[PDB]
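So that the names make sense, note that chain A is the first sequence line, chain B the second, and so on, each numbered from 1. Below, all heavy atoms of this structure are taken into account, side chains as well, without hydrogens, waters or symmetry copies.
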Amino acid sequence: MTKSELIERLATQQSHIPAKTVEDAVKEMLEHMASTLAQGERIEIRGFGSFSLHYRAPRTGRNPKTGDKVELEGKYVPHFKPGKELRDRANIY
Amino acid sequence: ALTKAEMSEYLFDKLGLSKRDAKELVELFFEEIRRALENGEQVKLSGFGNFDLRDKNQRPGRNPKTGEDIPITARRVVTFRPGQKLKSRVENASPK
DNA sequence: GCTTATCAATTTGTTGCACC
DNA sequence: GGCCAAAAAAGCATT
DNA sequence: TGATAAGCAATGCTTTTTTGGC
DNA sequence: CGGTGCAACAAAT
């Protein structure tokens with residue numbers, strides 16, 4: 001399922017809301033989530049999961065294609081931790 | 001931390017949605033993603049990232065406290081692979 | 001190729017958010 | 001809603 | 001904690017998805 | 001609108 005397909009499904013279920021608004025709402029929520037992370041703040045939705053930032057120390061990396069060294073600066077990368085309801089529902093075993 | 005309440009209020013301010021429709025929409029949004037993953041489907045949100053399913057086979061574990069070697073049952077887990085656009089946006093961020 | 005994440009069990013303290 | 005072409009983003013290689 | 005699984009540095013080419021007008 | 005109880009959280013172990 002892609003973002004547009006998600007919007008299509010939500011639209012159908014939220015018949016009282018104009019398809020357009022649903023699409024605008026989804027785009028808005030995703031930006032609010034991205035923006036929150038860029039501000040270095042976490043996200044915590046009970047029953048879905050939480051998003052946090054993980055630090056990566058600076059390091060001498062490589063261009064995997066040529067093998068040339070590249071100096072990389074410290075940084076932060078998004079990280080998702082799925083919630084209980086989501087873990088259970090997703091686990092078919 | 002960003003919460004559903006905060007997301008709801010934001011839709012209210014930014015799109016003028018009723019505090020009722022806004023609240024329902026946020027919840028339906030997360031539920032719809034859970035449903036897809038629950039039905040073994042991948043979720044790809046361009047500009048953000050992907051929620052992928054991975055099947056794991058039992059592997060060696062233990063009790064972190066005691067140490068009793070207990071196995072990690074096989075299982076299907078949800079993972080998230082942030083996209084490049086989102087990764088670039090938070091690389092130089094700083095924990096607030 | 002090397003770095004980071006997954007996970008096990010239990011206790012203790014915090015919080016999203018359903019409910020009133 | 002679809003159809004279209006251009007742009008954006010992701011996917012691949014290998015990551 | 002410790003065996004095991006997942007993710008990634010550069011980047012050009014390909015493929016998928018989105019965007020905006022009809 | 002705001003107050004409360006608590007499973008879902010985080011983090012230590």
Side-chain angles (χ1 to χ4, degrees), chain A residues 1-8 11-12 15 18-20 22-24 26-27 30 34 36 41-89 91 93, chain B residues 1-9 12 19-20 23-24 26-27 30 34 42-50 52-89 91 95:
Chain A
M1 171 177 90
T2 65
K3 179 169 50 175
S4 66
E5 298 181 305
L6 170 60
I7 297 175
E8 305 193 290
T12 307
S15 64
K20 177 56 180 171
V22 180
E23 174 192 281
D24 314 310
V26 175
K27 291 177 168 53
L30 287 174
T36 299
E41 193 181 308
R42 54 197 296 290
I43 305 176
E44 199 184 316
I45 311 305
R46 291 290 164 71
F48 182 78
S50 61
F51 298 78
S52 57
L53 295 208
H54 284 199
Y55 180 68
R56 297 294 189 254
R59 64 172 175 94
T60 309
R62 300 282 185 173
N63 169 323
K65 182 171 186 54
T66 69
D68 286 333
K69 288 178 178 180
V70 58
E71 275 315 320
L72 304 163
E73 326 198 311
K75 68 182 178 177
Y76 281 99
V77 305
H79 173 78
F80 182 72
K81 178 168 180 182
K84 186 179 192 300
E85 186 178 317
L86 172 61
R87 288 196 301 273
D88 297 332
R89 293 176 63 180
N91 182 39
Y93 305 113
Chain B
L2 177 62
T3 66
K4 290 191 297 187
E6 270 177 51
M7 284 177 71
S8 289
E9 188 59 31
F12 172 82
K19 297 195 173 190
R20 179 202 286 167
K23 172 174 171 169
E24 192 188 325
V26 174
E27 175 56 48
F30 289 118
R34 283 187 294 252
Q42 169 188 52
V43 183
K44 308 193 303 183
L45 306 177
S46 181
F48 194 74
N50 297 339
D52 302 319
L53 298 167
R54 297 184 77 85
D55 290 53
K56 307 291 195 60
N57 295 312
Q58 181 181 67
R59 58 199 176 76
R62 69 182 56 57
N63 174 311
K65 189 171 186 177
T66 74
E68 162 170 40
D69 273 54
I70 291 304
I72 296 170
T73 52
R75 59 186 67 177
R76 162 178 292 188
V77 300
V78 178
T79 61
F80 174 71
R81 305 291 293 295
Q84 196 50 63
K85 188 162 181 58
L86 171 61
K87 273 181 178 180
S88 293
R89 293 184 59 171
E91 78 201 324

Under-3.5 Å N/O pairs linking protein and nucleotides 1-3 of chain F:
none

- Query: Hey, which of these two, B:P60 or B:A5, hits DNA chain C nearer its 5' end, going by closest nucleotide?
  - Reply: B:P60
- Item | Interatomic distance where NZ belongs to A:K81 and P belongs to C:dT4 [whole Å] | 19 Å
- In whole Å, what is the span from the CD atom of B:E24 to the P atom of C:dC17? 16 Å
- Message: Tell me whether the bases of E:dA10 and E:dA9 count as stacked, where stacked means ring centres under 5.5 Å and an interplanar angle below 30 degrees.
- Response: no
- Message: Under 4.0 Å, heavy atoms only, any strand: does B:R75 hit a base, just the sugar-phosphate, or nothing?
- Response: sugar-phosphate
- Starting from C1' on C:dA9, measure out to CG on B:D69 and report it in whole angstrom. 13 Å
- Task: To the nearest Å, give me how far apart CZ (B:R59) and P (C:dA8) are.
- Result: 8 Å
- Item | Distance in angstrom units between B:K65 NZ and C:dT10 P, rounded | 9 Å
- Message: Tell me whether the side-chain N or O atoms of A:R46 pair up with the base of C:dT15 as donor and acceptor below 3.5 Å, since no angle test is needed here.
- Response: yes
- Using the test side chain to side chain contact (heavy atoms under 4.5 Å, CB included), find all partners of B:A1 that sit at least two apart in sequence or belong to another chain. A:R42, A:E44
- Which is true for A:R59 with a 4.0 Å heavy-atom rule: it touches a base, it touches only sugar-phosphate, or it touches nothing? base
- Do any of residues 64-77 of chain A sit with a heavy atom less than 4.0 Å from DNA chain E, and if so which? A:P64, A:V70, A:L72, A:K75
- Could you work out the separation of D:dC4 and C:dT15 based on their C1' atoms and round it to a whole Å? 50 Å
- Task: Mind calculating the distance between OH (A:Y55) and P (C:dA5) to the nearest angstrom?
- Result: 13 Å
- Query: Which part of the nucleic acid, if any, lies within reach of B:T73 when heavy atoms closer than 4.0 Å are counted: base, sugar-phosphate only, or nothing?
  - Reply: nothing
- Answer yes when A:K27 and A:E23 have at least one side-chain N-carboxylate O distance shorter than 4.0 Å, and no when they do not. yes
- Task: Provide the start and end nucleotides, 5' to 3', of the part of DNA chain E that has atoms under 4.0 Å from heavy atoms of chain A.
- Result: E:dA9 to E:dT19
- Task: Starting from Watson-Crick (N1-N3 plus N6-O4 or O6-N4) and G-U wobble pairs under 3.5 Å, report the runs of at least three that DNA chain D belongs to.
- Result: D:2-13 with E:11-22
- Query: If you look at every strand shown and take non-hydrogen atoms under 4.0 Å, does B:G67 touch a base, only sugar-phosphate, or nothing?
  - Reply: nothing
- Message: Rounded to whole Å, please give me the gap between CZ in A:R89 and P in F:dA8.
- Response: 13 Å
- Query: Just how large is the angle between the end axes of the helix from C:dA9-F:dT13 to C:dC20-F:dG2, five pairs per end, to 10 degrees?
  - Reply: 30°
- Message: At under 4.0 Å between heavy atoms, how does the protein contact nucleotides 6-12 of chain D? Give one character per nucleotide, 5' to 3', with B, S or -.
- Response: ---SSS-
- Apply side chain to side chain contact (heavy atoms under 4.5 Å, CB included) to A:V77 and list each qualifying residue two or more places apart in sequence or on a separate chain. A:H54, A:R56, A:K75
- Side-chain atoms of B:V77 come closest, of C:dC7, F:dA10, C:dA8, to C:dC7
- Message: Between the base of C:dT3 and the side chain of A:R56, is one N or O donor paired with an acceptor at under 3.5 angstrom?
- Response: no
Nucleotide N/O to protein N/O under 3.5 Å, stretch nucleotides 18-20 of chain C:
unit_1, atom_1, unit_2, atom_2, d
C:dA18, OP1, B:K4, NZ, 2.7

- On DNA chain E, check which nucleotide each of B:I72 and B:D55 is closest to and give me the residue with the more 5' one. B:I72
- Task: Mind jotting down which residue pairs meet the ring pair (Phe, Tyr, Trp, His ring centres under 6.0 Å) criterion with at least one end in residues 58-80 of chain B? Sequence neighbours excluded, please.
- Result: A:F51-B:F80, B:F48-B:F80, B:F51-B:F80
- Which residues share a side chain to side chain contact (heavy atoms under 4.5 Å, CB included) with A:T66, sequence neighbours left out: A:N63, A:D68
- Starting at CZ of A:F80 and ending at P of C:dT6, how long is that distance when rounded to a whole Å? 11 Å
Identify each donor-acceptor pair in which a side-chain atom of residues 58-66 of chain B lies under 3.5 Å from a protein atom, sequence neighbours left out, and give them as a table.
unit_1, atom_1, unit_2, atom_2, d
B:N63, OD1, B:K65, N, 2.5
B:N63, OD1, B:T66, N, 2.7
B:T66, OG1, B:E68, N, 3.0

